[PDB]
Novice: 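Pasting in a structure now, in structure tokens, and then I'll have a few things to ask.
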Amino acid sequence: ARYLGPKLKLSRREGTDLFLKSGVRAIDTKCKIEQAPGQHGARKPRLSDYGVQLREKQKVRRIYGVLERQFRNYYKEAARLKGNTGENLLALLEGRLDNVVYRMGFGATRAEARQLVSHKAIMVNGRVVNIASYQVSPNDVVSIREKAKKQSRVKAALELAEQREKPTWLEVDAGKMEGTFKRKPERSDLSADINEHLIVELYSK
Amino acid sequence: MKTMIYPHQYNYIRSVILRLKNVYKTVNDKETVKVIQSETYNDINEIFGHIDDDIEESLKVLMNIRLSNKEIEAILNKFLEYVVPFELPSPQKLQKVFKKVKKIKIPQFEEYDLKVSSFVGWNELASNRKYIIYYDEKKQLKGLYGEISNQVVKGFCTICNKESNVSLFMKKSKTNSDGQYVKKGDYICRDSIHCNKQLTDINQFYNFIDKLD
Amino acid sequence: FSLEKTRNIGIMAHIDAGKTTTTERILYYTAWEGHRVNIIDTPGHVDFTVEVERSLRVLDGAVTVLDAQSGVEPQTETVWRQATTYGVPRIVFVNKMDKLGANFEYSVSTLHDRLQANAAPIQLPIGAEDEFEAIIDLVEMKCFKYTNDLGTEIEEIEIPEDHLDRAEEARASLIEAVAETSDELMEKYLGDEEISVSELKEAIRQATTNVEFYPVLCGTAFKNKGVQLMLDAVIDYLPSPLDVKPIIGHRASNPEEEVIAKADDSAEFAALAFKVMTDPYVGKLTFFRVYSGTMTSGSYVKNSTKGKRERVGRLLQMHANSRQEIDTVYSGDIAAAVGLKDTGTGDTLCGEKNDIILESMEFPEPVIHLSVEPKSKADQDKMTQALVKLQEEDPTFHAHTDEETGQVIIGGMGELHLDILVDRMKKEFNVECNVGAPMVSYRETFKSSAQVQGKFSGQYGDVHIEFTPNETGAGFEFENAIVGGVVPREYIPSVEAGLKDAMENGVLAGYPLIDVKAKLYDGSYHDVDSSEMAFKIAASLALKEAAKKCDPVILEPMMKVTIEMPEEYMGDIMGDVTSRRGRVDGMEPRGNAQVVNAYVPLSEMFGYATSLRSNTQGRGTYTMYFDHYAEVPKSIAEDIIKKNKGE
RNA sequence: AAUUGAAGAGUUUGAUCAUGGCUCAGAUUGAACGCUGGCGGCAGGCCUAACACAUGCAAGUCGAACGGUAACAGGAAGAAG
RNA sequence: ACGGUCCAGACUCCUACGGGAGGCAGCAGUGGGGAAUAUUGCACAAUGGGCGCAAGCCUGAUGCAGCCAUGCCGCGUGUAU
RNA sequence: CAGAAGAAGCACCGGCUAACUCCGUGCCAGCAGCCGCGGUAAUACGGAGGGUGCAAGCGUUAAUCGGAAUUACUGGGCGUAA
Ligand SMILES: CC(=O)O[C@H]1C[C@@]2(C)[C@@H](C[C@@H](O)[C@H]3[C@@]4(C)CC[C@@H](O)[C@@H](C)[C@@H]4CC[C@@]32C)/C1=C(\CCC=C(C)C)C(=O)O
Ligand SMILES: Nc1nc2c(ncn2[C@@H]2O[C@H](COP(=O)(O)OP(=O)(O)O)[C@@H](O)[C@H]2O)c(=O)[nH]1
Ligand SMILES: [K+]
Ligand SMILES: [K+]
Ligand SMILES: [K+]
Ligand SMILES: [Mg+2]
Ligand SMILES: [Mg+2]
Ligand SMILES: [Mg+2]
Ligand SMILES: [Mg+2]
Ligand SMILES: [Mg+2]
Ligand SMILES: [Mg+2]
Ligand SMILES: [Mg+2]
Ligand SMILES: [Mg+2]
Ligand SMILES: [Mg+2]
Ligand SMILES: [Mg+2]
Ligand SMILES: [Mg+2]
Ligand SMILES: [Mg+2]
Ligand SMILES: [Mg+2]
Ligand SMILES: [Zn+2]
């Protein structure tokens with residue numbers, strides 16, 4: 001249900017950094033990002049139309065660490081919700097507590113954030129939540145547990161978050177380690193690299 | 001030290017023990033039993049040469065008409081300890097054994113199998129070739145690769161002299177510029193491991209290889 | 001009935017020893033004197049020794065029935081040996097005292113001579129044949145005279161003066177025999193001290209239970225005399241489940257751990273199924289012996305052998321002709337349960353939480369093999385089902401279909417054993433089948449050499465092959481002697497393949513051709529017309545032509561047989577070997593036995609074990625090994641050819 | 001507010017366009033089978049023989065309708081160690 | 001008129017041979033058939049039903065438990081370096 | 001409270017269809033939904049390395065609808081293709 005395989009290999013196949021590492025060292029230093037994974041990885045085949053759509057969908061899943069069944073269900077909800085399906089889907093993925101914890105900077109990587117959530121180190125609105133899939137509503141307050149405040153990783157993660165660009169939608173307080181989701185992130189606010197249209201077309205196929 | 005009984009010898013010992021056990025149940029005459037018991041004792045003594053107390057005890061148990069199959073199994077296990085497993089050559093050696101067969105691969109063989117096998121034979125289904133390796137009388141390793149017939153028939157196997165499912169095994173003489181060659185063969189067991197367990201005489205197998213030559 | 005008052009006995013005898021009748025009389029007279037007696041009737045015939053063996057395994061005691069006229073017969077010796085193997089305490093009951101030529105003393109002497117058993121009479125008969133009227137008890141020094149034919153009126157009288165001296169002498173011999181096993185009795189015997197009846201009985205009982213002494217009784221089941229005294233002896237001398245050594249089993253989880261199942265009602269339930277029977281009224285009946293614990297009707301039990309949970313619907317206790325449903329079975333008891341679908345003979349039944357496996361009975365491998373062919377295909381299907389059911393009932397019966405010949409081979413412990421099963425198949429399952437000895441593996445060869453040409457004619461293939469007979473056991477040799485590319489090298493493998501295929505299918509009766517040399521020396525090809533198939537066919541045609549010219553013959557396997565026997569029976573065996581087309585190679589004396597080495601066809605060695613046993617009175621054994629293949633006689637060869645060609 | 005909805009591809013020819021059948025990519029299941037198998041919540045589970053059914057259980061209740069007391073648990077009375 | 005009556009029939013069963021008994025397509029379960037489908041569980045605590053003045057009694061309805069990856073959903077099998 | 005401890009497999013990689021080479025085999029053994037592949041340099045057979053897709057599942061089979069405007073009401077046609 002969770003992918004425990006090498007994180008960088010995923011990035012190599014996509015051909016772009018998936019931010020699956022801390023970023024303390026450059027991805028290029030850590031691995032040959034340019035080369036695709038495998039013996040025949042150096043060879044670049046022409047990408048088929050199905051391939052282009054697949055790779056986009058895979059990229060998003062790999063970034064957010066969401067399995068197909070769950071990702072398929074999100075698409076259906078995004079379609080069901082009024083508005084641009086692509087934008088809705090991306091917002092839903094962002095709404096996940098796992099992403100929220102990472103974006104707040106409590107976790108260095110989304111996987112690390114998952115461990116914190118999974119191991120009941122994170123509280124939302126004063127109730128402990130161990131669900132990564134949990135959707136953080138606007139005006140909800142997410143704070144690390146006091147027991148887990150002492151953990152060194154979280155403090156280091158905050159420092160790594162300082163290096164990263166700070167989301168407008170999430171307000172975070174250091175030391176207090178409390179963050180409020182003021183608004184759902186706008187599509188413009190979300191990274192432009194992800195192309196929602198390709199994902200929508202693939203599922204429409 | 002433990003007698004280094006050959007694997008073929010061990011197989012023979014098992015058979016005579018089974019006969020002796022059969023004799024106890026089968027025979028209703030005490031005199032006949034006594035003759036068989038003496039025979040069995042003598043035969044085992046000859047095979048082991050000097051007999052340790054453990055062999056002596058086992059023989060005593062074997063001689064007793066109250067001998068049981070469970071006891072036999074334990075006796076066989078003890079005798080198995082006396083047995084020495086068939087040596088396996090280094091992979092480099094294997095390639096030297098079959099230089100003509102480029103990148104020849106040997107499958108894993110059980111140590112127990114080695115212990116109960118006088119010779120090692122592995123068959124490649126794709127090539128329809130069975131490869132047999134055996135240390136000669138000089139103890140030099142000898143490897144033969146021969147075609148095995150896909151058809152299988154029930155007939156007395158040449159190698160073990162025991163009736164089983166067998167297929168014709170042909171060894172090819174070196175070809176010449178003319179392209180003349182001679183293939184000589186006789187039916188052998190498709191399963192080498194079963195054959196090894198069946199075989200009770202190393203000489204019979206030695207002769208069989210000579211027949212192929 | 002208490003455990004102490006329970007007796008589990010089995011009746012063993014030779015054929016026509018009055019064994020069954022003895023059982024009938026017992027049941028007629030009976031529970032006896034406040035004791036429970038469970039009886040298992042074992043077969044008398046040598047072919048059903050397996051039934052005896054299983055019975056002996058589960059029994060605590062046994063009664064040997066002998067014919068007063070015959071004494072110890074070969075069957076008696078066999079069953080005695082089986083009972084010795086399992087260490088079953090036993091008593092000897094002389095039967096057919098009324099039979100003309102009845103001799104009690106002779107019968108006792110044969111026990112010592114043939115079995116070398118420490119057996120002494122506890123009773124002496126008065127009269128023999130039609131004059132047999134009374135029995136002297138040596139333990140009590142009393143005489144019991146039967147005044148009626150029904151044996152319901154026994155008069156206890158003083159030992160007649162004419163037999164009193166005999167009785168005293170016999171008693172002294174009895175005491176001496178028992179004293180050999182008892183130090184206390186020996187001291188009294190040597191000191192000429194008076195041994196009380198109770199002390200003597202206790203000493204006999206101990207000796208009997210230890211399988212050190214065998215009390216000998218006399219009587220006639222037919223005339224209803226001595227059966228009640230034998231029952232008294234069963235109670236007095238034969239052990240209870242408590243007296244016998246407790247059965248040892250192993251845990252299913254830990255085979256190395258030995259667990260001893262002692263006879264206790266409060267212990268964990270453990271039972272052994274020793275007999276399964278199909279009943280019209282109740283369905284499948286499984287007879288089982290409870291060694292420990294209790295089991296209630298409607299309870300759930302675990303087959304530890306199979307690791308399967310089963311439920312016992314009902315518990316059936318046998319009562320002669322009548323049957324009784326019981327609610328609970330206790331330790332030491334033998335009873336039948338209904339509803340055990342998966343339970344077979346030899347399986348251990350225990351509590352759901354228990355994992356004890358009692359020592360299973362080992363079934364012998366079949367000694368005789370016969371081929372069974374159904375008259376119709378519909379009968380084949382019925383036969384298969386019948387064979388399965390019979391195999392389920394009897395594990396010593398093996399039935400399997402030979403994949404090569406398509407013949408169904410049946411294996412059994414005896415010719416009668418197989419004949420019964422065949423008869424059952426015909427009667428019970430209405431299967432018409434023909435039974436014969438399984439066809440022996442046969443090989444063909446050439447006697448003469450010949451050069452033959454195989455031509456196939458575009459499609460073109462021409463080959464010239466010289467076939468020569470090879471030495472016996474030299475196998476097949478193919479030589480490519482083509483020079484100058486008369487036949488393209490690409491087609492040589494095709495020629496070989498065609499030959500090999502044709503050789504495997506044979507030339508005469510369709511048996512593989514062996515010990516032949518084929519030399520391809522010449523041919524011809526067409527550049528455009530030649531194909532691989534053409535040359536393969538041409539090679540096959542060549543073999544057919546060779547078959548016409550090379551004088552093919554059929555070979556049969558010759559077995560080297562070593563027969564060990566007494567010198568007295570050598571003459572009969574030698575004649576028997578010769579009668580089976582066998583040749584004696586050598587004869588060597590070994591101790592008191594004579595060893596004969598001979599070469600006999602495997603085809604003639606079917607049923608040799610039985611013939612040997614008959615010829616040597618079961619004192620001879622043989623070992624056979626494959627030596628070589630030899631040409632079959634012309635008369636047999638023609639019959640084989642006819643059989644295979646469907647002529 | 002109760003909408004948001006609509007993908008083709010391979011295969012007839014030397015090659016082509018059309019026609020036309022065949023095949024595949026999706027979704028779904030009371031499923032079955034093979035290989036494999038951590039936990040939890042929720043739901044489902046004889047489609048076949050409307051085949052034959054061992055055994056227990058699934059329909060009783062009312063003494064506030066009535067004669068009674070078979071019990072039993074008492075009471076009273078009378079005899080009692 | 002599922003766990004009522006009568007008759008006839010097929011089946012199974014009892015019998016003193018005269019005459020009798022029975023109907024799981026209620027629950028659990030067995031045999032059989034089939035590629036294939038669950039325990040002869042617990043409780044009437046709640047809901048609902050029958051009878052009762054009520055207490056209560058009865059309730060395989062029902063509430064629950066057992067078995068099964070059969071499905072749906074969520075989660076894990078570490079995570080940074 | 002102890003300790004990463006106790007917890008990953010299945011199908012697929014000629015084109016359709018995302019995913020490739022090597023070795024063995026030699027119109028054989030085999031594969032296959034379709035088109036087809038295999039006769040000694042097989043990304044199509046079998047195995048290995050590597051990869052893709054899914055994941056406590058993954059394939060296969062059966063069954064229904066879709067793609068099929070291929071019964072066309074929505075929404076087809078009838079000179080020569082029916
Ligand atoms: C009751 C007893 O002790 O033995 C019975 C029981 C008996 C041994 C029977 C003879 C024979 O079918 C037996 C065999 C092995 C026959 C082959 C199979 O079908 C077996 C499953 C079967 C089991 C026992 C059985 C059914 C008996 C005999 C022997 C009859 C003697 C002769 C010469 C034919 C008997 O009753 O005398
Ligand atoms: N004369 C005589 N015949 C007997 C006696 N006991 C049994 N028989 C008969 O001898 C035969 C023996 O057969 P059976 O009782 O089946 O015994 P089995 O053959 O040993 O199993 C039967 O016909 C019996 O009736 C006896 O004491 N005297
Ligand atoms: K088309
Ligand atoms: K209720
Ligand atoms: K229209
Ligand atoms: Mg899941
Ligand atoms: Mg009898
Ligand atoms: Mg009703
Ligand atoms: Mg009913
Ligand atoms: Mg039911
Ligand atoms: Mg079935
Ligand atoms: Mg009730
Ligand atoms: Mg592709
Ligand atoms: Mg190749
Ligand atoms: Mg349509
Ligand atoms: Mg049209
Ligand atoms: Mg036309
Ligand atoms: Mg027309
Ligand atoms: Zn062999």
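Because only heavy atoms are used, hydrogens play no part in the values below, and waters and symmetry mates are left out as well, while side chains stay in. Just so we're on the same page: letters track the sequence lines, and every chain starts at 1.
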Novice: What I want to check is whether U47(E) forms a Watson-Crick or wobble pair with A38(E), both distances being under 3.5 Å.
Specialist: no
Novice: Is it true that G34(D) and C58(F) form a pair, Watson-Crick or G-U wobble, with both distances below 3.5 Å?
Specialist: yes
Novice: Mind telling me if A68(F) is syn or anti? Syn here is a glycosidic angle within 90° of 0.
Specialist: syn
Novice: Using the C1'-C2'-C3'-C4' sign, is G75(F) on the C3'-endo (north) or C2'-endo (south) side?
Specialist: south
Novice: Give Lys57(A) one of three labels, base, sugar-phosphate or nothing, depending on what nucleic acid heavy atoms sit under 4.0 Å from its own.
Specialist: sugar-phosphate
Novice: Using OP1 and OP2 only, check whether a side-chain N or O of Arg61(A) sits under 4.0 Å from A55(F).
Specialist: yes
Novice: Any ion pair linking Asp342(C) and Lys308(C) (charged N to carboxylate O, less than 4.0 Å)?
Specialist: yes
Novice: Verify the contact: side-chain N or O of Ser118(A) to OP1 or OP2 of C75(E), cut-off strictly under 4.0 Å; return yes or no.
Specialist: no
Novice: Identify whether any heavy atom of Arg62(A) sits under 4.0 Å from a base atom; if not, whether one sits that close to sugar-phosphate; answer base, sugar-phosphate or nothing.
Specialist: sugar-phosphate
Novice: Watson-Crick or G-U wobble, both distances under 3.5 angstrom: are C31(F) and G36(F) paired?
Specialist: yes
Novice: Closest to the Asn73(A) side chain: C73(E), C54(F), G50(F)?
Specialist: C73(E)
Novice: What nucleic acid atoms does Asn130(A) come within less than 4.0 Å of, heavy atoms only: base, sugar-phosphate, or nothing?
Specialist: nothing
Novice: Quick check: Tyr525(C) with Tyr491(C) (ring centres under 6.0 Å apart)?
Specialist: no
Novice: When you measure from the side-chain N and O atoms of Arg69(A) to the phosphate of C73(E), is any distance below 4.0 Å, counting only OP1 and OP2?
Specialist: yes
Novice: Determine the sugar pucker of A8(F): a positive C1'-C2'-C3'-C4' angle counts as north, a negative one as south.
Specialist: south
Novice: With respect to the phosphate group of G29(E), does any side-chain polar atom (N or O) of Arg311(C) fall under 4.0 Å of OP1 or OP2?
Specialist: no
Novice: Would one find a side-chain N or O of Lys284(C) under 4.0 angstrom from OP1 or OP2 of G31(E)?
Specialist: no
Novice: Remember a base hit wins even if backbone is also touched, and classify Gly38(A) as base, sugar-phosphate or nothing at under 4.0 Å, heavy atoms.
Specialist: sugar-phosphate
Novice: Are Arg110(A) and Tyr64(A) in a cation-pi setup, meaning NZ or CZ lies under 6.0 angstrom from the ring centre and within 45 degrees of the ring axis?
Specialist: yes
Novice: Just do the side-chain hydrogen bond (donor to acceptor under 3.5 Å, both in side chains) check on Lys59(A) and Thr16(A) with the steps written out, would you?
Specialist: CA-CA 9 Å; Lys59(A) 179 215 302 177; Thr16(A) 305; over 6 Å; no
Novice: So if I take every side-chain heavy atom of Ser133(A) and compare against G50(F), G74(E), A80(E), which nucleotide ends up nearest?
Specialist: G74(E)
Novice: What is the sugar pucker of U70(F), north (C3'-endo side) or south (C2'-endo side), as given by the torsion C1'-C2'-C3'-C4'?
Specialist: south
Novice: So, is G20(D) syn or anti if syn means the angle is within 90° of 0?
Specialist: anti
Novice: I'd like to know if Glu428(C) and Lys389(C) make a salt bridge, using a cut-off of under 4.0 Å between side-chain N and carboxylate O.
Specialist: no
Novice: With a non-hydrogen cut-off below 4.0 angstrom, is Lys105(B) in contact with a base, only sugar-phosphate, or nothing?
Specialist: nothing
Novice: Among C23(F), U81(E), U40(E), which is the nearest nucleotide to the side chain of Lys30(A)?
Specialist: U81(E)
Novice: For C57(D) and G26(F), is it a pair or not, if I count Watson-Crick and G-U wobble only and require both distances under 3.5 Å?
Specialist: no
Novice: Report yes or no: do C72(E) and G41(D) constitute a Watson-Crick or wobble pair with both atom distances shorter than 3.5 Å?
Specialist: yes
Novice: Between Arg43(A) and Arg55(A), just flag the one whose closest nucleotide in RNA chain F comes earlier from the 5' side.
Specialist: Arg43(A)
Novice: So if I take every side-chain heavy atom of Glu68(A) and compare against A19(F), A18(F), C54(F), which nucleotide ends up nearest?
Specialist: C54(F)
Novice: Look at the side chain of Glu124(B) and decide which nucleotide, out of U81(E), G78(E), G24(F), has an atom nearest to it.
Specialist: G24(F)
Novice: What is the glycosidic conformation of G29(E): syn, defined as within 90° of 0, or anti?
Specialist: anti
Novice: Does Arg13(A) contact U52(F) through a side-chain donor or acceptor facing the base, at a distance under 3.5 Å?
Specialist: no
Novice: In B/S/- notation, 5' to 3', how is nucleotides 3-10 of chain D contacted by protein heavy atoms closer than 4.0 Å?
Specialist: BB--B---
Novice: On RNA chain F, compare the nucleotides closest to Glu532(C) and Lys102(B); which residue's is nearer the 5' end?
Specialist: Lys102(B)
Novice: Under 6.0 Å from the ring centre and within 45 degrees of the ring axis: does the NZ or CZ of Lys172(B) meet both conditions for the six-membered ring of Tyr181(B)?
Specialist: yes
Novice: If you measure from the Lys or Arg side-chain nitrogens to the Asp or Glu carboxylate oxygens, is any gap between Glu77(A) and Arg80(A) under 4.0 Å?
Specialist: yes
Novice: Does OP1 or OP2 of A80(E) have a side-chain N or O of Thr109(A) closer than 4.0 Å?
Specialist: yes
Novice: Closer than 4.0 Å, any side-chain N/O of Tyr50(A) to the OP1 or OP2 of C16(F)?
Specialist: no
Novice: Based on the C1'-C2'-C3'-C4' torsion angle, does the furanose ring of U13(D) adopt a north or a south pucker?
Specialist: north
Novice: Watson-Crick or G-U wobble, both distances under 3.5 Å: is that what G59(F) and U52(F) have going on?
Specialist: no
Novice: Side chain of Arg2(A), heavy atoms from C-beta onward: which of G78(E), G49(F), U52(F) has the nearest atom to it?
Specialist: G78(E)
Novice: Does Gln70(A) have a side-chain nitrogen or oxygen under 4.0 Å from the phosphate oxygens OP1 or OP2 of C75(E)?
Specialist: yes
Novice: According to a 3.5 Å cut-off on both distances, are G8(D) and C24(D) Watson-Crick or G-U wobble paired?
Specialist: yes
Novice: Do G14(F) and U29(D) form a Watson-Crick or G-U wobble pair, with both donor-acceptor distances under 3.5 Å?
Specialist: no
Novice: Looking at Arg309(C), I'd like to know whether one of its side-chain N or O atoms comes within less than 4.0 Å of OP1 or OP2 on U40(E).
Specialist: yes
Novice: Mind checking whether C65(F) and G14(D) form a Watson-Crick or G-U wobble pair, both distances under 3.5 Å?
Specialist: no
Novice: What is the sugar pucker of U4(D), north (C3'-endo side) or south (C2'-endo side), as given by the torsion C1'-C2'-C3'-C4'?
Specialist: south
Novice: OP1, OP2 of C54(F) versus side-chain N and O of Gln58(A): anything below 4.0 Å?
Specialist: yes
Novice: Examine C46(D) and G33(E) and say if both key distances are under 3.5 Å for a Watson-Crick or a G-U wobble pair.
Specialist: yes
Novice: Closest approach to the side chain of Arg153(A), judged atom by atom: which nucleotide of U81(E), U21(F), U79(E) is it?
Specialist: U79(E)
Novice: Would you mind calling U17(F) syn or anti? Take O4'-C1'-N9-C4 for purines or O4'-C1'-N1-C2 for pyrimidines, and syn is within 90° of 0.
Specialist: anti
Novice: State which of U30(E), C75(E), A80(E) makes the closest approach to the side chain of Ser22(A).
Specialist: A80(E)
Novice: Side chain of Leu54(A), heavy atoms from C-beta onward: which of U79(E), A80(E), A18(F) has the nearest atom to it?
Specialist: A18(F)
